[PDB]
Amino acid sequence: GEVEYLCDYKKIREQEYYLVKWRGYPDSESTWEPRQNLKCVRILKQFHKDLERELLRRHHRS
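Below, the structure is looked at part by part. Entry numbering is not used for residues: they are numbered from 1 along each chain in the order the sequence is written, which may differ from it, and residues without coordinates are omitted. Hydrogen atoms and water are omitted, and side-chain values are computed over all heavy atoms in the structure. Residues with missing side-chain atoms are left out of burial classes, side-chain pairs and their counts.

A closer look at the packing of aromatic side chains
1) Next: Within 6.5 Å between ring centres, the rings of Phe, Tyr and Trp (the latter by its six-membered ring) count as paired, and their orientation is classed by plane angle as stacked under 30 degrees, edge-to-face over 60, tilted in between. In total, this model carries two aromatic pairs according to the counting rule given.
2) Next: Here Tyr-9 and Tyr-18 contribute two aromatic rings whose centre-to-centre distance is 5.1 Å and whose plane-to-plane angle is 45°, an arrangement assigned as tilted.
3) Next: Plain terms: the ring middles of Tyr-18 and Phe-47 are 5.9 Å apart, the flat faces sit at 75° to each other, and that makes the pair edge-to-face. Of this pair, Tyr-18 sits in strand 2 (residues 16–22) while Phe-47 sits in helix 1 (residues 41–61), and the two are 29 residues apart along the sequence.
4) Next: Relative accessible area decides the class of each residue, using a 1.4 Å probe on protein chains only: under 20% of the type maximum gives buried, over 50% gives exposed, and in between gives partly exposed. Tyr-18 sits in the buried class, given a relative accessible area of 2%.
5) Next: What links up through ring pairs into an aromatic cluster is the set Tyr-9, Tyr-18 and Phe-47. What counts as a helix is a DSSP run of H or I of at least four residues, what counts as a strand is a run of E of at least two, and both are numbered from the N terminus.

Written out as structure tokens, the structure is:
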């Protein structure tokens, strides 16, 4: 299975999950996958940096 891109992130409650858009599936077929299922470290880093910037934007608002 190859991750094309990550769509979202959640943590319940110790366990982290990622909404994964799979290569060869349409966008609406993305599925939630626990961190250990995934090998795509570059994509994870880019995803996290992107989200970090958005939370920082929000932190500054306050």
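Digging into the sheet that holds strand 3 (residues 31–34)
1) Next: When DSSP locates at least two bridges between a pair of strands, those strands are taken to pair. Here three strands make up an open sheet; going across it, the order is 1-2-3 and the pairing antiparallel. The sheet is open, and its two borders are formed by strand 1 (3–11) and strand 3, each paired with just one other strand. The average angle at which neighbouring strand axes cross in this sheet is 35°, direction not considered.
2) Next: As judged from the four bridges shared by strand 2 and strand 3, these two strands associate in the antiparallel manner. Within strand 3, the position partnered with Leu-19 by the bridge is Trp-32.
3) Next: Docked against the sheet, helix 1 engages strand 1 and strand 2, running at close to 50° with respect to strand 1. For helices, the axis comes from a line fit to the C-alpha atoms of the stretch in contact; other axes are also lines fit to C-alpha atoms, and the angle between any two N-to-C directions lies between 0 and 180 degrees. When checking whether two residues touch, look at their non-hydrogen atoms; a contact exists if any pair is within 4.5 Å.

Points about the environment of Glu-33
1) Next: By secondary structure assignment, the location of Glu-33 is in strand 3.
2) Next: When the C-alpha positions of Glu-33 and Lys-10 are compared, they lie 10.0 Å apart, and in sequence the two are 23 residues distant.
3) Next: Leaving out residues up to four positions away in the same chain, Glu-33 has contacts with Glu-16, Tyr-17, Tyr-18, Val-20, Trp-22 and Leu-38.
4) Next: A distance of 2.8 Å separates polar atoms of two side chains, one belonging to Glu-33 and the other to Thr-31. What qualifies as a polar contact is a pair of N or O atoms within 3.5 Å, subject to a donor-acceptor requirement within protein and to the restriction that residues adjacent in sequence count only when both atoms come from side chains.

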